[PDB]
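Below you'll find the structure, written out as structure tokens, and then a few comments.
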Amino acid sequence: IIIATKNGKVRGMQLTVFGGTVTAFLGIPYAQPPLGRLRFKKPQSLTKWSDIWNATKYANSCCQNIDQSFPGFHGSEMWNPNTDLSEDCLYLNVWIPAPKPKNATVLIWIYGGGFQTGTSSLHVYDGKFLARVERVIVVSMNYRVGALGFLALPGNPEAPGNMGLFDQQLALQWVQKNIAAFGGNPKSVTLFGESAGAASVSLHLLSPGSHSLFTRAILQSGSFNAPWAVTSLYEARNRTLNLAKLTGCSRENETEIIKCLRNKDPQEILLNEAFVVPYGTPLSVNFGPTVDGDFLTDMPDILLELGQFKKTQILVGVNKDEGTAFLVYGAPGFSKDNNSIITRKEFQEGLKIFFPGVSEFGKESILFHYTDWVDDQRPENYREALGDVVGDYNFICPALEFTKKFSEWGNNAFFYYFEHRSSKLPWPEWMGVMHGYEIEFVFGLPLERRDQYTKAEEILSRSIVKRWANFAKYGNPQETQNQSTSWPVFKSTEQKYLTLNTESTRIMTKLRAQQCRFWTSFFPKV
Ligand SMILES: *[C@@H]1O[C@H](CO[C@@H]2O[C@@H](C)[C@@H](O)[C@@H](O)[C@@H]2O)[C@@H](O[C@@H]2O[C@H](CO)[C@@H](O[C@@H]3O[C@H](CO)[C@@H](O)[C@H](O)[C@@H]3O)[C@H](O)[C@H]2NC(C)=O)[C@H](O)[C@H]1NC(C)=O
Ligand SMILES: *[C@@H]1O[C@H](CO[C@@H]2O[C@@H](C)[C@@H](O)[C@@H](O)[C@@H]2O)[C@@H](O[C@@H]2O[C@H](CO)[C@@H](O[C@@H]3O[C@H](CO)[C@@H](O)[C@H](O)[C@@H]3O)[C@H](O)[C@H]2NC(C)=O)[C@H](O)[C@H]1NC(C)=O
Ligand SMILES: *[C@@H]1O[C@H](CO[C@@H]2O[C@@H](C)[C@@H](O)[C@@H](O)[C@@H]2O)[C@@H](O[C@@H]2O[C@H](CO)[C@@H](O)[C@H](O)[C@H]2NC(C)=O)[C@H](O)[C@H]1NC(C)=O
Ligand SMILES: CN(C)CCNc1cc(-c2ccncc2)c(-c2cccc3ccccc23)nn1
Ligand SMILES: *[C@@H]1O[C@H](CO[C@@H]2O[C@@H](C)[C@@H](O)[C@@H](O)[C@@H]2O)[C@@H](O)[C@H](O)[C@H]1NC(C)=O
Ligand SMILES: *[C@@H]1O[C@H](CO)[C@@H](O)[C@H](O)[C@H]1NC(C)=O
Ligand SMILES: *[C@@H]1O[C@H](CO)[C@@H](O)[C@H](O)[C@H]1NC(C)=O
């Protein structure tokens with residue numbers, strides 16, 4: 001099973017899925033390793049090789065810091081890298097249906113992890129299911145994260161910023177030059193990602209050099225207009241400089257500072273990334289996408305507002321309890337190991353955590369718009385309130401505002417609201433249907449009867465997997481056979497969305513409307 005690419009011969013491996021076969025190429029290089037004098041640079045192209053690459057195991061994950069807050073806990077460790085960390089990490093994976101397809105729609109997966117963490121080799125990013133069940137080709141790439149991939153000295157090509165985004169873009173390139181040899185159709189490519197991956201996807205909608213690299217886009221719990229997604233040029237400098245002071249690399253020739261950080265061990269760089277911002281939150285994106293003038297040609301809010309994006313269809317959505325995950329990473333009174341009923345003092349104490357550099361009055365207005373209870377006796381009030389505040393501010397309202405503005409330029413948009421809690425979900429019940437726990441359903445993991453999921457979950461995964469592929473294949477995320485509910489387009493007048501649950505899939509209007517007026521209109525004034 002050897003495939004010839006533009007750079008040389010690659011050999012994959014044969015997997016048995018659901019009494020059928022998927023062919024997997026794991027860990028194909030897509031760029032010169034960003035090492036030595038190549039650290040912090042845009043990813044250079046790849047020289048031809050005269051052999052057969054063995055793409056038969058996942059490559060190295062990119063250098064990154066690891067969630068060590070909950071050691072031994074599957075709920076947090078299922079997200080930490082599962083391969084060697086190295087700077088030599090610019091690789092990608094291809095799953096093709098067997099027998100080899102002819103002109104298959106390609107799905108390209110971009111992982112999240114706050115632009116600091118993440119790897120494609122994760123179990124819940126395994127694309128052999130979608131290859132098997134829907135007959136699509138699934139690609140996912142590793143891209144640089146944290147300072148190694150997003151450190152920004154605006155202007156200087158030695159550290160121009162947005163390198164991790166250019167990694168991704170060189171991967172879409174590779175698919176464009178090479179996927180046709182795997183049976184894929186480069187004119188039918190749907191990007192999809194989650195969290196920072198979904199923010200990443202929304203940025204390729206804006207970046208003119210990605211316009212011709214994909215057809216459509218699916219955004220899961222993330223968009224570039226979310227408060228954590230874009231770092232300013234102000235902060236990107238102060239963060240770059242503080243990394244330099246922290247490593248003794250402070251020079252005056254801006255170029256010499258980068259040469260200094262290049263002769264430092266990858267670890268010394270990882271530990272100092274924590275402290276470059278004087279007060280962090282659980283959602284601190286220390287080194288993220290900046291307005292660089294190469295990938296991103298302008299402030300993305302202005303680009304979005306004025307219609308300067310790829311005109312195509314989008315699939316956009318969010319989970320019911322986006323924000324709860326972050327409450328146990330700092331919010332006082334919370335724990336994954338009790339029900340975290342917090343008092344009013346504790347709730348206020350938690351806004352200082354999540355809105356650190358916000359004025360007194362701004363913290364006071366969050367408390368105001370979230371503590372007019374219908375029943376003031378309910379002791380979960382402040383615990384649920386703080387969750388929604390974090391989820392509404394960081395995820396739900398930016399995603400709805402992205403869909404409104406994008407749909408305003410005449411393109412079909414589809415919004416979902418994922419409200420099912422995995423029966424296998426390892427976090428406690430008070431945290432709900434958390435950030436990132438739709439991915440297993442999107443990737444069709446509940447389709448494995450062995451994995452101890454319930455039958456209603458196999459059916460829901462089955463419906464979602466069909467809806468995603470139909471949207472990828474046909475720009476229309478319907479499930480047309482098993483009597484499903486029809487998913488209406490999100491028009492900015494009526495703002496209709498589809499709920500995704502194991503029971504009654506329903507059509508509803510104007511998600512979190514009262515909350516999002518606060519976050520999208522009022523709160524940005526403070
Ligand atoms: C890339 O892969 C090929 C093929 O092997 C395949 O992939 C591997 C990752 C494994 O899962 C294999 O089971 C699978 O078939 C590698 O080719 C192998 O190279 C070795 C090392 O030289 C060969 O050994 C020689 O064989 C004979 C004895 O049979 C003598 O002439 C020599 O003394 C010598 O021992 C071997 O035959 C060959 N094939 C197999 C099936 O093992 C290839 O090296 C690999 N490249 C890598 C990993 O860089
Ligand atoms: C839910 O659990 C949280 C988290 O506490 C941690 O996890 C628990 C499951 C236990 O294993 C705890 O031992 C562990 O720390 C509890 O938050 C903690 O509450 C205690 C008691 O209210 C706080 O202790 C106080 O701390 C301050 C400042 O240091 C002083 O006034 C006192 O000396 C006193 O000891 C503690 O700050 C707080 N811990 C953290 C890490 O936030 C929570 O009370 C508990 N609640 C419910 C309702 O289940
Ligand atoms: C811009 O950056 C400076 C420098 O940050 C400090 O040094 C870094 C290496 C790192 O360890 C940071 O945590 C440090 O804060 C910031 O100046 C600091 O400000 C805090 C409070 O904001 C103060 O307690 C520190 O003493 C200051 N340190 C120094 C060396 O001046 C600064 O806040 C950043 N702010 C702005 C507005 O640009
Ligand atoms: C996107 N997959 C990975 C969903 C799985 N869970 C998480 C957890 C975290 C996390 C880890 C450790 N401490 C706090 C949060 C993040 C994350 C990390 C850093 C910055 C962020 C900024 C915005 C949003 C998320 C993060 N992301 N996802
Ligand atoms: C593959 O198909 C090409 C046309 O692709 C079509 O248009 C794009 C926009 C997608 O929506 C896709 O689903 C459609 O099929 C042909 O021009 C091309 O020659 C074909 N090549 C092979 C080898 O099949
Ligand atoms: C910084 O140093 C590099 C390396 O010698 C040199 O090319 C560059 O011109 C220097 N710039 C300034 C402004 O000193
Ligand atoms: C439709 O129902 C049949 C009956 O078992 C099942 O095999 C198939 O996977 C279902 N398809 C979808 C898209 O739900």
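Counting every alpha-carbon pair across the range 289-330, the share separated by more than 14 Å comes to 68%. Computed from backbone phi with θ = phi - 60° and the Karplus coefficients 6.51, -1.76 and 1.60, the 3J(HN,Hα) list for the range 208-216 is x, x, 10, 3, 8, 9, 7, 8, 9 Hz; x is used for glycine and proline. Projecting label points 7 angstrom from Cα along Cα→Cβ for residue 501 and residue 267 puts them 4.9 nm apart. Computed extension length for residue 238-residue 380: 47.1 nm, one decimal, from 0.36 nm per residue of separation with the Cα-Cα distance subtracted. Screening the chain for DSSP H helices whose Cα atoms reach 24 Å or more along their own axis and whose mean Kyte hydropathy is at least 0.0 gives nothing. Take each peptide in 145-151, 363-369, count the other Cβ atoms within 10 Å of every residue, and average; sorted highest first, the result is 145-151, 363-369. Taking Cα centre as origin and charging only the Cβ of basic (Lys, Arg, +1) and acidic (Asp, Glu, -1) residues, the dipole magnitude of the chain rounds to 1940 debye. With only the Cα atoms considered, the range 13-89 has a convex hull volume of 141 Å³ per residue. Neighbour counts of C-beta atoms inside 10 Å place 342, 3 in the sequence 3, 342, starting with the fewest.
Based on DSSP H segments of at least four residues, each scored -39500 (n - 2.57), the chain has a per-residue ellipticity at 222 nm of -8000 deg cm²/dmol. Rounded, prolate or oblate, given the Cα gyration tensor of the range 134-194, with a/c below 1.5 counting as rounded? Prolate. Here r is the Cβ-Cβ distance between residue 448 and residue 491 and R0 is 41 Å; the resulting FRET efficiency, rounded to 0.05, is 0.65. Taking Cα centroids, how far is the range 413-439 from the range 464-491 in Å? Taking the Cα centre of each part, the range 413-439 and the range 464-491 sit 20 Å apart.
Of the residues 70, 522, 452, the one whose Cα sits farthest toward the positive end of the charge dipole of the chain, with +1 on the Cβ of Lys and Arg and -1 on the Cβ of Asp and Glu, is 452. Placing one equal scatterer on every Cα of the chain and applying the Debye formula, the log10 ratio I(q)/I(0) at q = 0.06, 0.09, 0.12, 0.13 Å⁻¹ is -0.27, -0.62, -1.16, -1.37. Between residue 341 and residue 84, the contour length at 0.36 nm per residue exceeds the Cα-Cα span by 88.6 nm.
Stretching residue 306 away from residue 9 to a fully extended chain increases their span by 102.4 nm, per 0.36 nm per residue minus the current alpha-carbon distance. Semi-axis lengths, largest first, of the ellipsoid equivalent to the range 447-526 are 31, 17, 12 Å, with √(5λ) applied to each eigenvalue of the Cα gyration tensor. Computed from Cα atoms alone, the Kirkwood hydrodynamic radius reported for the range 58-104 is 13.3 Å.
Give the calculated FRET efficiency between residue 251 and residue 298 to the nearest 0.05, with a Förster radius of 51 Å applied to their Cβ-Cβ distance. Once the sixth-power term is evaluated, E becomes 0.95.
Quick one: which of 42/320; 100/491; 57/177; 100/320; 177/424; 264/336 span more than 29 angstrom between C-alpha atoms? The pairs that break the limit, which is 29 Å between Cα atoms, are 42/320; 100/491; 100/320; 177/424; 264/336. Inter-part distance, the range 446-462 to the range 354-369, computed on C-alpha centroids, equals 42 Å.
With R₀ fixed at 60 Å, the C-beta to C-beta distance from residue 274 to residue 483 puts the FRET efficiency at about 0.70.
Every read-out reported here was derived from the displayed coordinates using simple, explicitly stated rules and does not represent laboratory data. Counting neighbours? That spans all protein chains shown, and the Cβs are built from the backbone with ideal geometry, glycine included.
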